[PDB]
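Comments concern the structure below.
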Amino acid sequence: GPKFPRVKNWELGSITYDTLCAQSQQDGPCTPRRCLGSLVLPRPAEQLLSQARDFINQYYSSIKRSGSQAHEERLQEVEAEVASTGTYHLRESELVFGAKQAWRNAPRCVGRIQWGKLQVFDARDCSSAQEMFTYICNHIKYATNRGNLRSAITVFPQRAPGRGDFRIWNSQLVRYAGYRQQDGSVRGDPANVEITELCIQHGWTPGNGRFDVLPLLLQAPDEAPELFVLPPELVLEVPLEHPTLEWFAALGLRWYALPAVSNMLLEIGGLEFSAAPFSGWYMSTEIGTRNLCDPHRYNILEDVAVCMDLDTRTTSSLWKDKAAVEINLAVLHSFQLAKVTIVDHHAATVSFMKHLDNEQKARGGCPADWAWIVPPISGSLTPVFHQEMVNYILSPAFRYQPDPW
Amino acid sequence: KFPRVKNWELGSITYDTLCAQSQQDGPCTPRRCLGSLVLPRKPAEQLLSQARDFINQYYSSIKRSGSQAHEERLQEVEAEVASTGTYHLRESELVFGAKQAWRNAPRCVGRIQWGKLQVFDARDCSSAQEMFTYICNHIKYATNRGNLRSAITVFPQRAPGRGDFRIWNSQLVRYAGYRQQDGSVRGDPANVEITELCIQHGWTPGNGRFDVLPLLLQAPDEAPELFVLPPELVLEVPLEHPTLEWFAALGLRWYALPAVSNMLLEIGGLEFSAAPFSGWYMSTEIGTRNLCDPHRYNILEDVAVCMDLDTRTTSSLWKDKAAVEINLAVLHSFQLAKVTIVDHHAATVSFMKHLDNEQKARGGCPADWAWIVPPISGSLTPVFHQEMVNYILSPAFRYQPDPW
Ligand code: HEM
Ligand code: HEM
Ligand SMILES: Fc1cccc(CCNCCNc2ccnc(-n3ccnc3)n2)c1
Ligand SMILES: Fc1cccc(CCNCCNc2ccnc(-n3ccnc3)n2)c1
Ligand SMILES: C[C@H](O)[C@H](O)[C@H]1CNc2nc(N)[nH]c(=O)c2N1
Ligand SMILES: C[C@H](O)[C@H](O)[C@H]1CNc2nc(N)[nH]c(=O)c2N1
Ligand SMILES: OC[C@@H](O)[C@@H](O)[C@H](O)[C@H](O)CO
Ligand SMILES: OC[C@@H](O)[C@@H](O)[C@H](O)[C@H](O)CO
Ligand SMILES: [Zn+2]
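Residue numbers (the entry's author numbering), protein chains in the order written: chain A, 67 to 109, 121 to 482; chain B, 69 to 110, 121 to 482.
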């Protein structure tokens with residue numbers, strides 16, 4: 067056969083070869099001697126220019142003007158810019174293309190069937206924390222759209238050599254506070270204890286609920302981060318109820334509509350956008366299974382199973398499984414009731430399979446992180462479980478970056 | 069560099085140093101990870127070094143390393159490879175090698191049990207008939223009236239001058255799959271090809287959904303021979319649900335003994351092409367994969383309809399709900415039948431314990447996260463939150479191509 071990874075779908079028996087991986091200009095953490103594909107985290122003008130040239134080539138390919146005069150002119154314009162400044166700047170349409178391509182290229186995102194439909198907000202003119210806040214508020218308003226969620230990304234100015242970064246300190250635009258208690262337990266989201274304490278140290282009067290929306294800690298270059306409280310009316314939340322378990326509503330659970338990652342680095346052509354929050358809509362298991370049922374998160378599995386009167390004293394009763402299913406159903410039912418976009422893990426994974434087929438034809442493959450694409454409940458009940466996947470890093474890319482503090 | 073391995077639920081970090089012991093390459097490269105792939109895409123000195131390495135492991139295990147009998151045994155192996163191009167394991171070494179292959183098996187969640195393995199030396203087997211007798215004893219021993227006991231039976235090693243001893247079945251016990259005229263399959267669609275091979279080799283087919291296949295056993299360079307397992311040897315569990323009284327009427331059942339019969343056991347450079355092993359089931363293998371996979375018995379919709387769920391839409395999570403009840407039925411029924419089974423919560427918890435032991439014992443543990451994390455309720459189990467390093471240690475079980 068061909069010398070490219072052979073990729074099998076075990077449910078269907080179909081075979082594809084990934085040739086796209088040939089485009090990867092960046093090494094992952096795996097070697098022939100060991101696979102580290104389950105690790106969450108991994109671990121100069123000449124370099125910039127090659128990355129720039131490569132991106133400009135991608136861009137001109139995408140507009141079908143590869144090799145053209147404008148392509149060569151743009152390439153030269155970029156070299157000369159890097160020549161005199163040590164950096165360069167993207168044209169608006171390049172930024173739009175690059176942002177979309179970074180999403181398209183994101184191995185961990187199951188939502189990529191939507192990749193061509195991304196509203197890119199250019200906020201590269203932003204010059205203060207206050208303006209960052211306005212742009213973020215605007216983003217949230219646009220993306221939330223009163224429950225009819227729209228994918229969006231707001232791109233703040235790129236890392237500039239000699240100058241400090243724009244950084245959103247929160248990992249998400251909307252996340253709930255986590256308050257460490259005397260007993261050592263946490264009220265709210267344990268994931269967010271550190272950022273919550275930073276909000277308080279920076280002047281935020283903290284609530285004491287399990288679902289207090291965190292304020293934004295926004296950092297303009299070479300300034301201390303500034304604190305901005307999101308106006309409650311901008312943050313759409315959904316009270317959780319269950320379609321058949323009437324008591325479920327009395328748990329007082331809720332989640333926010335808008336999943337917006339705010340601390341990833343968007344890298345395009347060697348340029349680094351350290352603040353480029355993007356948002357899509359939730360896949361229900363992100364909330365139902367991970368946020369609400371993770372032992373290190375809200376960890377509500379036992380609470381719900383007890384209310385369901387399950388035998389929580391034995392693993393074989395599958396109480397964790399029964400309760401998790403009902404929480405997930407409650408999440409779906411409540412978002413649907415509240416008319417807030419949400420996709421269940423079956424619809425999401427079916428759409429990702431369609432995406433894989435599209436991308437096979439468009440690009441000869443699709444980088445995908447199986448561990449992340451397969452949902453955290455009902456894994457093999459979704460088609461992606463049976464789909465071998467090849468993981469590799471393509472640029473443009475979203476990258477994790479260390480917390481600014 | 070040693071991979072830093074974090075558990076995201078507990079925040080604890082380990083470093084895998086064991087992976088440095090890997091002498092065999094997996095499918096990954098820095099350019100791309102192929103960790104989700106089920107199968108791999110594809121002389122005296124090398125054998126001698128694998129042999130020496132293994133003998134060294136063996137003598138280190140009985141803490142007689144560098145000793146006398148150690149050096150004699152290394153000498154024996156060297157003299158035998160030098161003159162014959164191969165060598166033979168002492169039974170004690172074979173026993174050690176098999177347990178170690180199990181211990182090293184990245185996809186096995188049952189490895190807490192690795193030290194308790196009954197090893198049957200069937201290397202004195204000269205015919206398919208004798209293989210069948212060994213296999214029958216294996217099954218009897220392993221099944222043990224439902225009190226399942228891990229076992230492996232090791233048939234003669236591969237030899238350069240001849241065909242392999244092979245069991246053609248992928249499992250000792252598996253159900254037939256009969257391709258119907260209308261393209262559908264009665265029974266297990268996973269077994270259509272082996273079912274057809276059995277028929278072509280003269281088996282009279284049943285037409286049930288759960289007809290236990292006969293064994294196609296191949297002695298070297300001979301046509302495979304067909305042997306029917308004595309039904310009394312094949313313990314089966316009718317599946318009923320503890321609360322859904324209609325579930326038993328589905329007529330579903332599964333066999334007690336999960337026994338892989340087509341993997342190659344490699345020990346010290348020697349390859350055992352037939353070395354069927356068995357443990358006991360983790361419920362999700364049956365409830366979720368065997369019964370609910372779309373390309374297997376695919377019973378999700380039937381159960382969901384019997385549960386009277388809204389089957390028309392994904393958002394009702396009928397699949398998830400049905401799957402849970404099926405797994406619950408499997409556990410209840412095996413527990414009712416007094417047949418050893420482990421649920422995926424118990425199994426993954428014990429596996430975490432095993433990871434801890436192995437971290438202390440050997441500085442790591444090869445683990446294939448995609449396989450260790452159960453097919454349902456992944457993140458509800460501790461292994462989901464556990465980063466794992468996957469690599470090939472020897473002794474090893476490896477896949478091998480189907481003999482036909
Ligand atoms: C449109 C609806 C979308 C859906 C349903 C969706 C779905 C998902 C899901 C379920 C994850 C796993 C997150 C986790 O478990 O932590 C994820 C991750 C990710 N998504 Fe999306 N996504 C969507 C939109 C977007 C957009 C608009 C972008 C960027 C422009 C994007 C880029 C990413 C990236 C970079 C990750 C990795 C995040 C991480 O590793 O923490 N996604 N997506
Ligand atoms: C004692 C109880 C045992 C349990 C609960 C157990 C559990 C499992 C499970 C859940 C898998 C994944 C199976 C699949 O989905 O295909 C597996 C695979 C495997 N197990 Fe075990 N196992 C046990 C005993 C053994 C023994 C005795 C051996 C060998 C001596 C063994 C070696 C292996 C190997 C090599 C695999 C990979 C098989 C494959 O890729 O198809 N296991 N085990
Ligand atoms: F940098 C890191 C260090 C440790 C864990 C980690 C995982 C981050 N995942 C958080 C949840 N992912 C989210 C959250 C909200 N929204 C999305 N989202 C939005 C659109 N597509 C996905 N994804 C990163
Ligand atoms: F060579 C291959 C080609 C395609 C799939 C594949 C994996 C199939 N795995 C079969 C199910 N695994 C089983 C079955 C029975 N028994 C166990 N088992 C018993 C003890 N430990 C595991 N595991 C190999
Ligand atoms: C250890 C493991 O890599 C880790 O728990 C991963 C597994 N898969 C995941 N998949 C998604 N979508 N999101 C996650 O946070 C994780 N966590
Ligand atoms: C494509 C994917 O690797 C394949 O479906 C794997 C996923 N995880 C698995 N895990 C186990 N335990 N058994 C399996 O057969 C599989 N199949
Ligand atoms: O409270 C601090 C954590 O939420 C923070 O460190 C996040 O885990 C991080 O920003 C995710 O990238
Ligand atoms: O019907 C033949 C299949 O059961 C067989 O090819 C298995 O999939 C394979 O042998 C598993 O190793
Ligand atoms: Zn890998």
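Idealized CB from N, CA, C, for every residue including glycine.
Residue j beta carbon less than 8 Å from that of residue i
{"i": "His422 (chain A)", "j": "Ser393 (chain A)", "result": "no"}
{"i": "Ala254 (chain A)", "j": "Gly265 (chain A)", "result": "yes"}
{"i": "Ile133 (chain A)", "j": "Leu105 (chain A)", "result": "no"}
{"i": "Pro267 (chain B)", "j": "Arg374 (chain B)", "result": "yes"}
{"i": "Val381 (chain A)", "j": "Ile404 (chain A)", "result": "yes"}
{"i": "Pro320 (chain A)", "j": "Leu378 (chain A)", "result": "no"}
{"i": "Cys276 (chain B)", "j": "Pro292 (chain B)", "result": "yes"}
{"i": "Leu86 (chain A)", "j": "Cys370 (chain A)", "result": "no"}
{"i": "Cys101 (chain B)", "j": "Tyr469 (chain A)", "result": "yes"}
Chain A within 8 Å of residue i, Cβ atoms only
{"i": "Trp447 (chain B)", "result": "yes"}
{"i": "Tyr165 (chain B)", "result": "no"}
{"i": "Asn182 (chain B)", "result": "no"}
{"i": "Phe325 (chain B)", "result": "no"}
{"i": "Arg331 (chain B)", "result": "no"}
{"i": "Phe462 (chain B)", "result": "yes"}
{"i": "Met341 (chain B)", "result": "no"}
{"i": "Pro302 (chain B)", "result": "no"}
{"i": "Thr273 (chain B)", "result": "no"}
{"i": "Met385 (chain B)", "result": "no"}
{"i": "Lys397 (chain B)", "result": "yes"}
{"i": "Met466 (chain B)", "result": "yes"}
{"i": "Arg72 (chain B)", "result": "yes"}
{"i": "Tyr469 (chain B)", "result": "yes"}
{"i": "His373 (chain B)", "result": "yes"}
Min CB distance residue i to chain B below 8 Å
{"i": "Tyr83 (chain A)", "result": "no"}
{"i": "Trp246 (chain A)", "result": "no"}
{"i": "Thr366 (chain A)", "result": "yes"}
{"i": "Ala424 (chain A)", "result": "yes"}
{"i": "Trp482 (chain A)", "result": "no"}
{"i": "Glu77 (chain A)", "result": "yes"}
Burial state of residue i (16 or more Cβ within 10 Å)
{"i": "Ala206 (chain B)", "result": "buried"}
{"i": "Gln135 (chain B)", "result": "buried"}
{"i": "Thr211 (chain B)", "result": "exposed"}
{"i": "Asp388 (chain A)", "result": "exposed"}
{"i": "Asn285 (chain A)", "result": "exposed"}
{"i": "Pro121 (chain A)", "result": "exposed"}
{"i": "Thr282 (chain A)", "result": "exposed"}
{"i": "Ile140 (chain B)", "result": "exposed"}
{"i": "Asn225 (chain B)", "result": "exposed"}
{"i": "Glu344 (chain A)", "result": "buried"}
{"i": "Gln128 (chain B)", "result": "buried"}
{"i": "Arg181 (chain A)", "result": "buried"}
{"i": "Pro238 (chain A)", "result": "exposed"}
{"i": "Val315 (chain B)", "result": "buried"}
{"i": "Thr362 (chain A)", "result": "buried"}
Mind listing, in chain order, the continuous beta strand (DSSP E) runs of no fewer than 3 residues lying wholly within the stretch 260 to 316 of chain A? Correct list: 263 to 265, 293 to 296, 303 to 305, 314 to 316.
Can you check the stretch 409 to 461 of chain B for any alpha helix (DSSP H) of at least 4 residues that lies completely inside it and give the ranges in chain order? List check, alpha helix (DSSP H) in window: 422 to 440, 447 to 450.
Just to be sure I understand the criterion: a residue counts if its Cβ is closer than 5 Å to at least one heavy atom of ligand 9. Which residues meet that? This selection yields A:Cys96, A:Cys101, A:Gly103, B:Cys96, B:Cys101, B:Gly103.
Taking only runs that begin and end inside the stretch 180 to 265 of chain A, name each unbroken beta strand (DSSP E) of 3 or more residues, in chain order. Correct list: 196 to 199, 229 to 232, 255 to 257, 263 to 265.
Residue ranges of each beta strand (DSSP E) run of no fewer than 3 residues wholly in the stretch 341 to 387 of chain B, ordered along the chain? DSSP runs (the beta strand (DSSP E)) wholly in the stretch 341 to 387 of chain B: 342 to 345, 348 to 350.
When you get a sec, list the residues whose CB is within less than 6 Å of any heavy atom of ligand 8, chain order please. My final list is B:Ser248, B:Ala268, B:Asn269, B:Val270, B:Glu271, B:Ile272, B:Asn340, B:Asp480.
Any residue with its C-beta under 5 Å from a non-hydrogen atom of ligand 2 counts. Can you list them all in chain order? This selection yields B:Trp180, B:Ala183, B:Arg185, B:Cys186, B:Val187, B:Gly188, B:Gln191, B:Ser228, B:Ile230, B:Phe355, B:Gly357, B:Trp358, B:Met360, B:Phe475.
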